[PDB]
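Q: Contents of target.txt (compact mmCIF, C-alpha atoms) are given next:
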```txt
# COMPACT_ATOMS: atom_id res chain seq x y z
CA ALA A 1 43.77 13.45 -13.05
CA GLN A 2 40.75 15.33 -14.37
CA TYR A 3 38.33 12.64 -13.21
CA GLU A 4 39.11 11.34 -9.71
CA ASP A 5 37.60 8.75 -7.42
CA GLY A 6 35.88 10.64 -4.63
CA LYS A 7 35.36 13.80 -6.66
CA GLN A 8 32.92 13.41 -9.59
CA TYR A 9 32.24 9.85 -8.53
CA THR A 10 32.91 7.25 -5.84
CA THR A 11 33.68 3.57 -6.32
CA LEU A 12 31.77 0.68 -4.82
CA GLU A 13 33.85 -1.29 -2.36
CA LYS A 14 31.49 -4.11 -3.19
CA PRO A 15 30.82 -4.19 -6.96
CA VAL A 16 27.57 -5.58 -8.32
CA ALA A 17 27.81 -8.23 -11.04
CA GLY A 18 25.37 -8.30 -13.96
CA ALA A 19 23.99 -4.84 -13.10
CA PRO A 20 22.41 -2.62 -15.79
CA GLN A 21 24.89 -0.38 -17.62
CA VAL A 22 23.38 2.92 -16.54
CA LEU A 23 21.23 2.49 -13.46
CA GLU A 24 19.32 5.41 -11.98
CA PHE A 25 17.26 5.59 -8.73
CA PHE A 26 14.64 8.13 -7.80
CA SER A 27 11.58 8.82 -5.68
CA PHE A 28 8.58 10.95 -6.56
CA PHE A 29 8.96 12.35 -3.00
CA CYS A 30 12.58 13.36 -3.65
CA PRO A 31 13.00 17.11 -4.33
CA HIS A 32 16.33 16.88 -6.16
CA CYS A 33 14.74 14.12 -8.23
CA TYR A 34 12.04 16.58 -9.25
CA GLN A 35 14.74 19.04 -10.27
CA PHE A 36 16.59 16.23 -12.13
CA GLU A 37 13.49 15.39 -14.11
CA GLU A 38 11.72 18.74 -14.55
CA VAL A 39 14.47 21.34 -14.60
CA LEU A 40 17.68 19.55 -15.59
CA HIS A 41 16.42 16.61 -17.70
CA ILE A 42 19.44 14.59 -16.49
CA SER A 43 18.35 11.20 -17.77
CA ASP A 44 17.78 12.67 -21.12
CA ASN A 45 21.06 14.52 -21.43
CA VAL A 46 22.94 11.46 -20.28
CA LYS A 47 21.30 9.37 -23.04
CA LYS A 48 22.28 11.97 -25.65
CA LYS A 49 25.94 11.50 -24.76
CA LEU A 50 26.05 7.80 -24.03
CA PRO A 51 27.69 5.55 -26.61
CA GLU A 52 25.13 3.27 -27.96
CA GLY A 53 24.47 -0.29 -27.59
CA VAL A 54 23.95 1.13 -24.07
CA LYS A 55 20.72 0.55 -22.13
CA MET A 56 19.45 2.99 -19.47
CA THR A 57 17.44 1.82 -16.50
CA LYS A 58 15.47 3.86 -13.98
CA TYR A 59 13.97 2.51 -10.76
CA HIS A 60 11.78 3.92 -7.97
CA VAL A 61 12.65 3.41 -4.29
CA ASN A 62 10.62 2.67 -1.15
CA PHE A 63 12.48 4.51 1.61
CA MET A 64 10.67 7.83 1.11
CA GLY A 65 7.00 8.55 1.80
CA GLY A 66 6.20 5.38 3.72
CA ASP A 67 3.07 3.61 2.45
CA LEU A 68 2.62 5.89 -0.54
CA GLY A 69 6.29 5.49 -1.39
CA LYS A 70 5.66 1.78 -1.87
CA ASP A 71 2.47 2.42 -3.85
CA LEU A 72 4.61 4.57 -6.06
CA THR A 73 7.19 1.84 -6.54
CA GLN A 74 4.41 -0.47 -7.63
CA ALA A 75 2.95 2.27 -9.94
CA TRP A 76 6.31 2.76 -11.56
CA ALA A 77 6.46 -1.01 -12.18
CA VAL A 78 3.07 -0.58 -13.91
CA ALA A 79 4.40 2.35 -15.90
CA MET A 80 7.40 0.21 -16.99
CA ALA A 81 5.33 -2.86 -17.90
CA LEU A 82 3.00 -0.73 -20.04
CA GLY A 83 5.79 1.41 -21.41
CA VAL A 84 4.13 4.64 -20.34
CA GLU A 85 6.94 6.13 -18.26
CA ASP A 86 7.02 9.25 -20.38
CA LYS A 87 3.36 10.04 -19.81
CA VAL A 88 3.16 9.69 -16.05
CA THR A 89 6.50 10.90 -14.77
CA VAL A 90 5.72 14.59 -14.86
CA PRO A 91 2.15 14.41 -13.43
CA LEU A 92 3.32 12.03 -10.68
CA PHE A 93 6.06 14.47 -9.65
CA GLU A 94 3.72 17.44 -9.64
CA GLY A 95 0.90 15.57 -7.93
CA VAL A 96 3.24 14.55 -5.11
CA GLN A 97 5.36 17.70 -4.77
CA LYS A 98 3.64 20.66 -6.49
CA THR A 99 -0.14 20.36 -6.19
CA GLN A 100 -0.16 17.75 -3.44
CA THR A 101 -3.16 15.99 -4.93
CA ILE A 102 -1.65 12.55 -4.59
CA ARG A 103 -2.50 11.05 -1.22
CA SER A 104 -3.60 7.49 -1.99
CA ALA A 105 -3.18 4.67 -4.47
CA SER A 106 -6.43 5.84 -6.00
CA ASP A 107 -4.96 9.26 -6.70
CA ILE A 108 -1.91 7.62 -8.35
CA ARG A 109 -4.29 5.63 -10.52
CA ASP A 110 -6.13 8.86 -11.54
CA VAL A 111 -2.87 10.18 -13.03
CA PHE A 112 -2.64 7.10 -15.25
CA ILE A 113 -6.34 7.38 -16.24
CA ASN A 114 -5.94 11.02 -17.15
CA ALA A 115 -2.85 10.12 -19.17
CA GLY A 116 -5.08 7.80 -21.13
CA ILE A 117 -4.17 4.36 -19.81
CA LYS A 118 -7.41 2.39 -19.51
CA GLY A 119 -8.88 1.62 -16.12
CA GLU A 120 -9.02 -2.08 -16.71
CA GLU A 121 -5.55 -2.17 -18.26
CA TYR A 122 -4.15 -0.33 -15.24
CA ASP A 123 -5.90 -2.54 -12.64
CA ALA A 124 -4.84 -5.74 -14.47
CA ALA A 125 -1.22 -4.52 -14.65
CA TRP A 126 -1.32 -3.33 -11.02
CA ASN A 127 -2.36 -6.81 -9.91
CA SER A 128 -0.17 -8.80 -12.29
CA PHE A 129 2.75 -11.07 -11.30
CA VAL A 130 4.66 -9.41 -14.12
CA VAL A 131 4.32 -6.24 -11.99
CA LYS A 132 5.25 -8.17 -8.75
CA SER A 133 8.68 -9.32 -10.04
CA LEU A 134 9.18 -5.86 -11.62
CA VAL A 135 8.70 -4.45 -8.08
CA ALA A 136 11.13 -7.18 -6.98
CA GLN A 137 13.77 -6.10 -9.52
CA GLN A 138 13.56 -2.50 -8.30
CA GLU A 139 14.02 -3.43 -4.67
CA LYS A 140 16.80 -5.91 -5.46
CA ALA A 141 18.79 -3.40 -7.47
CA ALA A 142 18.44 -0.88 -4.63
CA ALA A 143 19.44 -3.54 -2.12
CA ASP A 144 22.51 -4.61 -4.12
CA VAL A 145 24.17 -1.18 -3.69
CA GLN A 146 22.77 -0.64 -0.20
CA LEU A 147 20.94 2.53 -1.21
CA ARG A 148 20.12 5.20 1.38
CA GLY A 149 19.89 8.18 -0.94
CA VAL A 150 18.34 9.41 -4.16
CA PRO A 151 18.83 10.69 -6.79
CA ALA A 152 21.53 8.16 -7.52
CA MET A 153 23.14 6.84 -10.65
CA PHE A 154 25.41 3.79 -10.91
CA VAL A 155 27.53 2.83 -13.89
CA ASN A 156 28.25 -0.85 -14.66
CA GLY A 157 27.47 -1.66 -11.04
CA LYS A 158 30.83 -0.21 -10.11
CA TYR A 159 30.78 3.59 -10.06
CA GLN A 160 28.37 5.97 -8.39
CA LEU A 161 27.89 9.53 -9.59
CA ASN A 162 28.87 12.18 -7.12
CA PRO A 163 26.97 15.39 -7.91
CA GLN A 164 28.06 17.07 -4.62
CA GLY A 165 31.38 17.67 -6.38
CA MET A 166 30.28 19.49 -9.55
CA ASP A 167 29.77 23.28 -9.92
CA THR A 168 26.15 24.40 -9.39
CA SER A 169 26.46 28.07 -10.33
CA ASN A 170 25.12 27.23 -13.79
CA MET A 171 22.53 24.49 -14.32
CA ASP A 172 23.49 23.75 -17.94
CA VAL A 173 27.15 23.36 -16.98
CA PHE A 174 26.20 21.02 -14.14
CA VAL A 175 24.20 18.75 -16.47
CA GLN A 176 26.97 18.56 -19.08
CA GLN A 177 29.50 17.80 -16.37
CA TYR A 178 27.22 15.13 -15.05
CA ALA A 179 26.59 13.58 -18.46
CA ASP A 180 30.27 13.72 -19.48
CA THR A 181 31.07 11.99 -16.21
CA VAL A 182 28.67 9.18 -17.00
CA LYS A 183 30.21 8.85 -20.47
CA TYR A 184 33.74 8.70 -19.02
CA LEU A 185 32.69 6.06 -16.49
CA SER A 186 30.91 4.20 -19.24
CA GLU A 187 34.18 3.93 -21.19
CA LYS A 188 36.27 3.04 -18.15
```
Could I get this file's structure written as structure tokens?

A:
Amino acid sequence: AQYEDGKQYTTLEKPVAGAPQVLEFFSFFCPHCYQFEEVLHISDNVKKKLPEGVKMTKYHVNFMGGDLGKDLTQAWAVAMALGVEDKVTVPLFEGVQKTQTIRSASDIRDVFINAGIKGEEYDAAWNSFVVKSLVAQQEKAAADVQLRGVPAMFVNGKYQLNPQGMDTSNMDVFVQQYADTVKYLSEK
């Protein structure tokens, strides 16, 4: 066929019931994730081609960057609870990977403050049980597909994107191929 198991995607041996439609995993320590966000705008180009009535979910993972990696998973829960994902994503990536000015939870917090989230609102969120279970959701979703690598995208808890098998001579062509693949899997 034109789309084949094991080529633009792989199938989960052990499917995950009730999973979000389009589920994406990343880490602010993950270099391809930086590319995916900053250079390729993957999430965004996927959305533009997805049917709608379709929700997109994006979660942070713990297995990179040790103690800071976890701080970052909790910060992303904060960002989700407050709905400020689109104001912190870029400065978090660049603070971890470009400028290397993020070294502690306090530095993560500074990014939110500079993006205009209020100190008190951030600290309340950070410490809230609504952020605790949000952290729990992220870990559970990662657990459910036994995740050892990012970036990763899963469709309907059944199919996992396989970017290794898409041409990378042209970045635009890669993105379209990637997004079209998600759409195809979405309709499967």

Q: Any idea what the distance is between atom CA of residue A:119 and atom CA of residue A:73?

A: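 Going from atom CA of residue A:119 over to atom CA of residue A:73, I get 18.7 Å.
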
Q: Give the answer as one residue: which of A:34, A:161, A:28, A:110 has the shortest atom-to-atom distance to residue A:178, using all atoms listed in the file?

A: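 The answer is A:161, which sits nearest to residue A:178.
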
Q: Looking at A:76, A:9, A:159, A:129, which one is nearest to residue A:112, with distances taken over only C-alpha atoms?

A: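 Among A:76, A:9, A:159, A:129, it is A:76 that comes nearest to residue A:112.
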
Q: Out of A:158, A:66, A:115, A:184, which residue has the shortest atom-to-atom distance to residue A:11 when counting all atoms listed in the file?

A: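 Comparing A:158, A:66, A:115, A:184 against residue A:11, the winner is A:158.
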
Q: Which polymer residues have any atom within 10 Å of an atom of residue A:171, counting all atoms listed in the file, with same-chain residues fewer than 5 positions away left out, as a list in words?

A: residues 39, 40, 176 and 177 of chain A

Q: Those same residues, written as a PDB file, keeping the file's coordinate frame with C-alpha atoms?

A:
```pdb
ATOM      1  CA  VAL A  39      14.470  21.340 -14.600  1.00  0.00           C
ATOM      2  CA  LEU A  40      17.680  19.550 -15.590  1.00  0.00           C
ATOM      3  CA  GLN A 176      26.970  18.560 -19.080  1.00  0.00           C
ATOM      4  CA  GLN A 177      29.500  17.800 -16.370  1.00  0.00           C
TER       5      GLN A 177
END
```

Q: Contacts of stretch 51-57 of chain A at 12 Å or less, counting only C-alpha atoms, minus same-chain residues fewer than 2 places along, as a ChimeraX atom specification?

A: /A:19-26,42-49,59-60,80,85,137-138,141,152-157,179-180,182-187

Q: Adding 8 Å on each side of the box along x, y and z that holds all listed atoms of stretch 97-111 of chain A, could you give its centre and edge lengths in Å to one decimal, as lines of an AutoDock Vina configuration file?

A:
```
center_x = -0.5
center_y = 12.7
center_z = -7.1
size_x = 27.8
size_y = 32.0
size_z = 27.8
```

Q: Hey, can you check how far atom CA of residue A:181 sits from atom CA of residue A:58?

A: 17.7 Å

Q: For residue A:81, which residue among A:146, A:133, A:101, A:35 is the nearest when counting all atoms listed in the file?

A: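 Of the candidates, the smallest distance to residue A:81 is held by A:133.
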
Q: Can you pull out the residues contacting residue A:126? Cut-off 10 Å, using all atoms listed in the file, and skip same-chain residues under 6 positions away; I want them as an MDAnalysis selection string.

A: chainID A and resid 71 74:79 81 109 120 132

Q: Which residue out of A:3, A:174, A:63, A:36 has the minimum interatomic distance to residue A:139 when only C-alpha atoms are used?

A: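 So, comparing all the options, the nearest one is A:63.
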
Q: Quick one, how far is atom CA of residue A:172 from atom CA of residue A:145?

A: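 For atom CA of residue A:172 relative to atom CA of residue A:145, the distance reads 28.7 Å.
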
Q: Which residue out of A:33, A:82, A:147, A:17 has the minimum interatomic distance to residue A:116 when only C-alpha atoms are used?

A: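 Using only C-alpha atoms, residue A:116 sits closest to A:82.
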
Q: Find the residues around residue A:96 up to 12 Å (all atoms listed in the file counted), leave out those fewer than 3 positions away in its own chain, and share them as a PDB file with C-alpha atoms, keeping the file's coordinate frame.

A:
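Once written, result.pdb looks like this:
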```
ATOM      1  CA  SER A  27      11.580   8.820  -5.680  1.00  0.00           C
ATOM      2  CA  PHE A  28       8.580  10.950  -6.560  1.00  0.00           C
ATOM      3  CA  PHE A  29       8.960  12.350  -3.000  1.00  0.00           C
ATOM      4  CA  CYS A  30      12.580  13.360  -3.650  1.00  0.00           C
ATOM      5  CA  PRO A  31      13.000  17.110  -4.330  1.00  0.00           C
ATOM      6  CA  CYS A  33      14.740  14.120  -8.230  1.00  0.00           C
ATOM      7  CA  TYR A  34      12.040  16.580  -9.250  1.00  0.00           C
ATOM      8  CA  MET A  64      10.670   7.830   1.110  1.00  0.00           C
ATOM      9  CA  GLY A  65       7.000   8.550   1.800  1.00  0.00           C
ATOM     10  CA  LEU A  68       2.620   5.890  -0.540  1.00  0.00           C
ATOM     11  CA  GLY A  69       6.290   5.490  -1.390  1.00  0.00           C
ATOM     12  CA  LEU A  72       4.610   4.570  -6.060  1.00  0.00           C
ATOM     13  CA  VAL A  88       3.160   9.690 -16.050  1.00  0.00           C
ATOM     14  CA  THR A  89       6.500  10.900 -14.770  1.00  0.00           C
ATOM     15  CA  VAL A  90       5.720  14.590 -14.860  1.00  0.00           C
ATOM     16  CA  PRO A  91       2.150  14.410 -13.430  1.00  0.00           C
ATOM     17  CA  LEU A  92       3.320  12.030 -10.680  1.00  0.00           C
ATOM     18  CA  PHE A  93       6.060  14.470  -9.650  1.00  0.00           C
ATOM     19  CA  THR A  99      -0.140  20.360  -6.190  1.00  0.00           C
ATOM     20  CA  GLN A 100      -0.160  17.750  -3.440  1.00  0.00           C
ATOM     21  CA  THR A 101      -3.160  15.990  -4.930  1.00  0.00           C
ATOM     22  CA  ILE A 102      -1.650  12.550  -4.590  1.00  0.00           C
ATOM     23  CA  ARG A 103      -2.500  11.050  -1.220  1.00  0.00           C
ATOM     24  CA  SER A 104      -3.600   7.490  -1.990  1.00  0.00           C
ATOM     25  CA  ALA A 105      -3.180   4.670  -4.470  1.00  0.00           C
ATOM     26  CA  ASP A 107      -4.960   9.260  -6.700  1.00  0.00           C
ATOM     27  CA  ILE A 108      -1.910   7.620  -8.350  1.00  0.00           C
ATOM     28  CA  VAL A 111      -2.870  10.180 -13.030  1.00  0.00           C
TER      29      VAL A 111
END
```

Q: Hey, can you pull every residue with an atom no more than 12 Å from (28.8, 21.4, -5.0), using all atoms listed in the file, and send it as number ranges by chain?

A: A: 7-8, 162-171, 174, 177-178

Q: From the coordinates supplied, stretch 10-28 of chain A should be written with N, CA and C atoms, as a PDB file, in the first residue's frame.

A:
```pdb
ATOM      1  N   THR A  10       3.868   2.532  13.273  1.00  0.00           N
ATOM      2  CA  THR A  10       3.929   1.192  13.836  1.00  0.00           C
ATOM      3  C   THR A  10       2.635   1.032  14.593  1.00  0.00           C
ATOM      4  N   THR A  11       2.247  -0.201  14.880  1.00  0.00           N
ATOM      5  CA  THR A  11       1.002  -0.445  15.606  1.00  0.00           C
ATOM      6  C   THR A  11       1.296  -0.918  17.015  1.00  0.00           C
ATOM      7  N   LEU A  12       0.479  -0.522  17.977  1.00  0.00           N
ATOM      8  CA  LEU A  12       0.697  -1.049  19.315  1.00  0.00           C
ATOM      9  C   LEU A  12       0.109  -2.441  19.432  1.00  0.00           C
ATOM     10  N   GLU A  13       0.992  -3.399  19.681  1.00  0.00           N
ATOM     11  CA  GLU A  13       0.660  -4.727  20.182  1.00  0.00           C
ATOM     12  C   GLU A  13      -0.406  -4.693  21.260  1.00  0.00           C
ATOM     13  N   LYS A  14      -0.286  -3.712  22.139  1.00  0.00           N
ATOM     14  CA  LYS A  14      -1.162  -3.601  23.281  1.00  0.00           C
ATOM     15  C   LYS A  14      -1.846  -2.242  23.244  1.00  0.00           C
ATOM     16  N   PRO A  15      -3.010  -2.176  22.582  1.00  0.00           N
ATOM     17  CA  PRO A  15      -3.758  -0.931  22.385  1.00  0.00           C
ATOM     18  C   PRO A  15      -4.224  -0.341  23.698  1.00  0.00           C
ATOM     19  N   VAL A  16      -4.450   0.969  23.703  1.00  0.00           N
ATOM     20  CA  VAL A  16      -4.806   1.675  24.923  1.00  0.00           C
ATOM     21  C   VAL A  16      -6.207   2.268  24.798  1.00  0.00           C
ATOM     22  N   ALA A  17      -7.138   1.700  25.558  1.00  0.00           N
ATOM     23  CA  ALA A  17      -8.536   2.115  25.530  1.00  0.00           C
ATOM     24  C   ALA A  17      -8.726   3.499  26.129  1.00  0.00           C
ATOM     25  N   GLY A  18      -9.660   4.256  25.555  1.00  0.00           N
ATOM     26  CA  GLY A  18     -10.062   5.551  26.083  1.00  0.00           C
ATOM     27  C   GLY A  18      -9.033   6.654  25.944  1.00  0.00           C
ATOM     28  N   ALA A  19      -7.952   6.371  25.220  1.00  0.00           N
ATOM     29  CA  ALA A  19      -6.861   7.332  24.997  1.00  0.00           C
ATOM     30  C   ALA A  19      -7.313   8.556  24.190  1.00  0.00           C
ATOM     31  N   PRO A  20      -6.659   9.715  24.397  1.00  0.00           N
ATOM     32  CA  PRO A  20      -6.956  10.880  23.559  1.00  0.00           C
ATOM     33  C   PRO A  20      -6.704  10.593  22.088  1.00  0.00           C
ATOM     34  N   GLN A  21      -7.486  11.231  21.229  1.00  0.00           N
ATOM     35  CA  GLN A  21      -7.452  11.026  19.789  1.00  0.00           C
ATOM     36  C   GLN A  21      -6.057  11.233  19.193  1.00  0.00           C
ATOM     37  N   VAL A  22      -5.514  12.422  19.395  1.00  0.00           N
ATOM     38  CA  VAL A  22      -4.154  12.706  18.974  1.00  0.00           C
ATOM     39  C   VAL A  22      -3.340  13.033  20.216  1.00  0.00           C
ATOM     40  N   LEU A  23      -2.435  12.136  20.575  1.00  0.00           N
ATOM     41  CA  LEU A  23      -1.673  12.266  21.800  1.00  0.00           C
ATOM     42  C   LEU A  23      -0.198  12.426  21.487  1.00  0.00           C
ATOM     43  N   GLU A  24       0.378  13.528  21.934  1.00  0.00           N
ATOM     44  CA  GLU A  24       1.770  13.853  21.648  1.00  0.00           C
ATOM     45  C   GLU A  24       2.620  13.973  22.935  1.00  0.00           C
ATOM     46  N   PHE A  25       3.820  13.395  22.925  1.00  0.00           N
ATOM     47  CA  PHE A  25       4.742  13.475  24.062  1.00  0.00           C
ATOM     48  C   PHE A  25       6.020  14.204  23.720  1.00  0.00           C
ATOM     49  N   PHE A  26       6.482  15.041  24.638  1.00  0.00           N
ATOM     50  CA  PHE A  26       7.721  15.759  24.418  1.00  0.00           C
ATOM     51  C   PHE A  26       8.484  15.995  25.723  1.00  0.00           C
ATOM     52  N   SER A  27       9.682  16.543  25.586  1.00  0.00           N
ATOM     53  CA  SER A  27      10.467  16.955  26.728  1.00  0.00           C
ATOM     54  C   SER A  27      11.168  18.241  26.327  1.00  0.00           C
ATOM     55  N   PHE A  28      11.254  19.193  27.233  1.00  0.00           N
ATOM     56  CA  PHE A  28      11.979  20.419  26.945  1.00  0.00           C
ATOM     57  C   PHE A  28      13.492  20.161  26.862  1.00  0.00           C
TER      58      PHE A  28
END
```
